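Written below as structure tokens is the structure these notes are about.
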Amino acid sequence: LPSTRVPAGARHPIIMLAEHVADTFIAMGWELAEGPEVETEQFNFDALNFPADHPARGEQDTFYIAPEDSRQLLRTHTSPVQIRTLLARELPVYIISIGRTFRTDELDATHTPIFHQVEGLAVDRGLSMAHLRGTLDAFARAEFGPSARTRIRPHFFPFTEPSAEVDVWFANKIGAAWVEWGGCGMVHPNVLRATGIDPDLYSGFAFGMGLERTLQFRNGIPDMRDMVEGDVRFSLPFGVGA
Amino acid sequence: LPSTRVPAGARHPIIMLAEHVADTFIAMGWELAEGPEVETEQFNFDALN
Amino acid sequence: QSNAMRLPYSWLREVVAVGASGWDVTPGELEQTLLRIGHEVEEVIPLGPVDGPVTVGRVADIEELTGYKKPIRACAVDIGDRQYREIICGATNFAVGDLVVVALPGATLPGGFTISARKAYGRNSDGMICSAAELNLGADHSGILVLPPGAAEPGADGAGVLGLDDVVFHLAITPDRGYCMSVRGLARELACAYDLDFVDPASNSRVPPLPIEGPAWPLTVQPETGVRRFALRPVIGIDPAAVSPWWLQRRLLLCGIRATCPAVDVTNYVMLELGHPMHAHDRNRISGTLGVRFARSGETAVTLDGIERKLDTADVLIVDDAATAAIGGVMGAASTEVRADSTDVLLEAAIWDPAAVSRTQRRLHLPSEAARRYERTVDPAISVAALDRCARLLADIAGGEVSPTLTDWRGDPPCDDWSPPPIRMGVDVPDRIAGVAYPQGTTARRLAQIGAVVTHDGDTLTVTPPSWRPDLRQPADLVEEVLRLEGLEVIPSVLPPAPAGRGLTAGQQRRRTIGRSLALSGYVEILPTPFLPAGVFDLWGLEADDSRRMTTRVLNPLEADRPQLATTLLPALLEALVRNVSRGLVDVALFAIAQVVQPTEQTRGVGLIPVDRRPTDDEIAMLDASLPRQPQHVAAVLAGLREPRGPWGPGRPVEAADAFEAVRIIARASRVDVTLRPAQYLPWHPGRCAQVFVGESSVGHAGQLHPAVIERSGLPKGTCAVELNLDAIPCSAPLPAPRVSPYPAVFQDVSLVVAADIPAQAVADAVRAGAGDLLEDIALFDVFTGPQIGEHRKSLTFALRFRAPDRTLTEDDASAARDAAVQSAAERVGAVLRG
Amino acid sequence: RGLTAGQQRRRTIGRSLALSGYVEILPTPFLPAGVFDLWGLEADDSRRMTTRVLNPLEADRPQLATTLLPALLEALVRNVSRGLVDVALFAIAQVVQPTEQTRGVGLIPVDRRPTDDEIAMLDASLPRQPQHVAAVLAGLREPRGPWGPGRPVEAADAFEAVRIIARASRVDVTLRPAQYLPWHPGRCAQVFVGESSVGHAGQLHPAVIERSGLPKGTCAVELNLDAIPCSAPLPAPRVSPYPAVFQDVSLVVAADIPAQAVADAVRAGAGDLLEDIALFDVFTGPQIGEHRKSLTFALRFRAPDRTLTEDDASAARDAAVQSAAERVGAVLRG
RNA sequence: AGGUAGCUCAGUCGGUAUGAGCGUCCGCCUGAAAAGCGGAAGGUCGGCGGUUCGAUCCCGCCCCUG
Ligand SMILES: N[C@@H](Cc1ccccc1)C(=O)O
Ligand SMILES: [K+]
Ligand SMILES: [K+]
Ligand SMILES: [Mg+2]
Ligand SMILES: [Mg+2]
Ligand SMILES: [Mg+2]
Ligand SMILES: [Mg+2]
Ligand SMILES: [Mg+2]
Ligand SMILES: [Mg+2]
Ligand SMILES: [Mg+2]
Ligand SMILES: [Mg+2]
């Protein structure tokens, strides 16, 4: 006979993916930093070396907050936690941050205006691109299994130089091909300068990946709408999450 | 009015201390290894010099 | 798409082949090379293909078929060798003596469309005259394809004359590589990737300088507008009847530009080839001296599209004595626009301030081919080279005379060197950043390829980047050039050792525990949207001065009626609840852990703080204090059956006490004690609403929602809700040391009568205070009203468990403790022992 | 790399049982004296084959536990004798199960690494020591209060502890009737994951309860965690937003037909249109007939691509009733 | 072109909303259900205004979908 008088609930799959990512980096000695969702333009753009009056900034999909001159916004990425962390902590710094981010994209099967990112930041003496790759590979192997591989190709972000995009490869995918995963790079010396750090003594790398995107291609979720609409039928199959 | 129809239970304090110790060392990059309670004298004594 | 760059492969190979003869590459290999060096290839579009008889034709006669609604004509077309065909067409963008592309029967067009002979209208239609879209050549289907006169002779193969073996690359250029918005830049980038000698199509070896025997037109330049270079060169006596040749119209079409008159075609062609925007002014329409100045407060201007635009004091524009000539680097006016009436044009080569163009083109909402490139900086050293390339090509097409005069404003203190300042960098700095020991001389060689002058001095290189790379300003910029050309795949994977970390904070750990505890009790977590539902607080009937109405607002929300950011998590939870119920899932328990947004009078904008230094501590405190409060809340809602029906019984509907228990689930997960006190607070039911306290601090509310709110909001009847401020719950780390007596216990029950509105918790507190240490447990198990009690009264019966720490407690000692408990309840709440 | 999957699962099981009202104890490995005789176990019952300590602290308790239940029942009796009669306890710990292959190994030289066979031989000479999870219950499962008189512990509470552990392990289980001391032969389930038995649950045998001085109605659960395979599912649920159709079906079967078998038959015939099925009534009476029972299920149908019509739902329901007839002899209720 | 009961839809050409199906409620049926019969509750006729003694109906503006 059925025996469950109190049906199990469920923590949210994106929250649980975030918990797995957090545990992956804490197990490597890193720590978890935090930042608010409504942010200053100073930290979302200016201290991240975004030019003013330039397409690299103006063509971001930004939610601006009233009044017109407020210079307040819903953060477009978790990268302002880089600024807050470098201002608040002593060096060396090895942190990730997981939180909500906001862009002006209509909700469809592959986009959502409200999503989550994991940001990574490491600033120390002697850090190189090879240290960035090693962290990305450990990150990939922990989220996608021992067959996971990463690859980087050049790209651009104002807050990194060099900049790159990260693809990931894992078996039992699709069955296997490169999927776009996120972005990374060496922390721009202008970012270190804006936080009072000497770029001649310290170098750093950073990265950022969207969690809904990760969950979509790792699990094969067809409709991103199901991740954000709160239907219990979407969450319950993932289990309690305790 | 009281509202707890299903009173809360409890994990054991020694287990919770163990979990705190474990989490302390995992956060430092260490890992957690295991071993049986009924053991050989070889490993309990002889290989430990 | 403001970052897109479309060009055909053939044009790209031609520029590369000048310095590297016989260089040819498959489209798939080229795609991989462009990706390896940092260019996104959005799409690779092969033209065509056509199979069978696709031939250039010549329209002889156009016997228009009258009577029909749409204009339908029958055409006689020569397919070469004077073997005539009859075709029926509906297009009307061609006359007698035009060149067209015909598709005879048997041919197969892209894709899977075989042409056969059909009887259309009253005549026989052998083939069809094709459009650029039907040939998979262009994007226009409003009219058929009209080759310019003399492009080919009738009978020539269509695939050959149209170049249908070519391939078009669509690229997304990053905003730091504006020099790649041209054939010049991408050809140079390929030459670097393939280690080829490169012939710059803008060098005087490839564009011989035209004579400068005087000034070409009066010009005064306000130096504060940001203009870096302004050049002018006239062309006199152009043939208004002549059109651009096929190779030029085709290349324009494949790049996404449709041809018009040759004066405008060459400006768009040189912009695409060299990267320098070009504009043609009608020299006969210019009246007086040209002046580059700021706009006045209300000065308006019409563009060459006929729309007038309100300018701003920050907009840069060019104006003569009559009216404004153009919005600088955005769009030209209809005044000096070149037409089929025009014969003498004045070409302008200008370099505008990028920030100024970016501001104006966004405030006016017209991104153009010119504005996109000026936004991303244009090479100021090639202005005259592109001006002479443009004038020489225009006369070669419109049969004119290149006037040997030129104006070239290079600044109030004129400038003859456009290169950025030099950069000092250690030779092995790229090796250190890459973690790779590159072979000797790699950095110096790569940096020369991109166009920089490199000088050695022991271990230090002095790099002077070229004028088309204003993005190269620091050693890190040079490192990107070396690494991306060598390929990022050679960089090894070295897991860095991090220091011993401290793990999760107490607050991070508590957020997990709360989530595990609510989920295990049957709650389902939702990700709550911060955009409040329209009118929610009116549906709730909140007062006008309720703090929850003071919301932060978004200027550009996705739904115009939902601009407010949430001050409470409940409207998002109630929206997810309504969504489940309307989909047939009516027994629902939801929760959320998320921050809210609560602005104060101190919430305000903060102007730009200089980023060349760490902000001061007060600047940090300014920034932090200027943001709305963003505390972490936990909330939950419930509707329908709390417990389902099954073989055990009919289940139990949600009640307010289920909301009080969720409070206690959260308190236990937080390891704090709470008290619930009666309260009145919308949207809760004023008789079924608790305010939650930790110590004497309020941390939220719980209970059943108000029936009026439920009805107005379309919620299920009996919906309950909880919202607590997690930031107001202090973090606790208790170290218990319980007393565990093994001596036997004494069990006694006591029945106490009190006024009906005395909280049962207050009675139990009084019983406990008087009983003292011998009392181990007290539990209420009966609440009774009835005529044997009296009106306005209630009876509470508690089970008490007494125990001593050192002895077997006697019933008399227990009864004495019980008597003291009853006395304490008498004094504190007026309890009367039940008789 | 962090905690292993097994270490993470042990945490999750304990969190899940503690949140459901269970109190963890640390179980002693020294069995009570003569426990298996109190249980009435057969002489060849594998649980009697115990590893023995030469020098125990209590001379009559030298045997190491092959099962966690006697330690849990000892802690339960201690609580009850101190006046705490409403008790739910659990334990997660290894047991000691020697085989014929359990034996002693001579000293191996310590001036070098042992060989691979020496390592294997030392491990194989030790008794099997798998991880078990176990729980016991007595008294009121739900306390009395202002809401009502509470609810006494019944065997369904032990079955639910099985499902608490299964959800925490993220595996599916089936419960099949079984006869296995010290459980009550009519109130005892053997627990399966796939076709692998992993333990037992239910109410304890009344004769065991009497001989052992246990609370009447004591229930118990024991599962072998090492037999439950670890799972890392990657769900991708289908969440159709089209309206659902709600229909109940009432079916008569023989009184000893397990309700789960009727639900499986109903589900098998209804096909993909069936989103949910829930039993909410079990009835016997003169209308039904001797040795029969009536089961009523609430069914929820929904299409992935369209608004399902009533008739489409009724055709799926008819196919469900037909599959029940073929598979368990079910008869539509009249 | 349309917006009419909780939803889906007929209908009303300035002064009686003339309505259906579903859903809900209430009886019958069942131990209790679903389904099935039987009956009832249910309508500022999209919002803000104008005109008129009077507007769901005419006029203006605007929201919503194809
Ligand atoms: N912030 C980038 C990702 C990124 C983070 C850190 C470094 C580089 C890239 C994004 O939103 O896509
Ligand atoms: K922006
Ligand atoms: K949440
Ligand atoms: Mg760069
Ligand atoms: Mg007594
Ligand atoms: Mg009483
Ligand atoms: Mg039962
Ligand atoms: Mg139905
Ligand atoms: Mg119905
Ligand atoms: Mg009946
Ligand atoms: Mg009536």
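We count from 1, first residue shown onward.
A Cβ is built for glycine as well, from the same backbone N, Cα and C atoms used for every other residue.
The expression tag annotation in the PDB entry covers C:1-4. When Cβ-Cβ distances below 8 Å are used as the criterion, the expression tag (C:1-4) is approached by residues 42, 170-175, 367, 372, 375 of the same chain, each at least six residues removed from its ends.
For the domain 'tRNA-binding' (C:48-159), DSSP puts the residue distribution at 2 helix, 44 strand, 66 coil. Annotation source Swiss-Prot lists domain 'tRNA-binding' at C:48-159.
Marked as domain 'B5' by Swiss-Prot: C:418-493.
Residues or ranges marked as Mg(2+) binding site in Swiss-Prot (evidence: similarity to another entry): C:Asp471, C:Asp477, C:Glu480, C:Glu481. DSSP gives C:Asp477 (Mg(2+) binding site) a helix state.
Feature annotation from Swiss-Prot assigns domain 'FDX-ACB' to C:741-834. Under DSSP, the residues of the domain 'FDX-ACB' (C:741-834) split into helix, strand and coil as follows: 31 helix, 34 strand, 29 coil.
With a cut-off of 8 Å between CB atoms and residues at least 6 apart in sequence, the same chain places C:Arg446, C:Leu447, C:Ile450, C:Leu472 near C:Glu481 (Mg(2+) binding site), listed in sequence order.
Those binding-site residues from C:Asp471, C:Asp477, C:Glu480, C:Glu481 lying by chain A, with Cβ under 8 Å from one of its Cβ atoms, are C:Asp477, C:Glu480. In the structure shown, across all protein chains, C:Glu480 is the one of the binding-site residues C:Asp471, C:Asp477, C:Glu480 with the greatest number of other Cβ atoms within 10 Å. DSSP assigns C:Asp471 (Mg(2+) binding site) to coil in the three-state reduction, outside any helix or strand.
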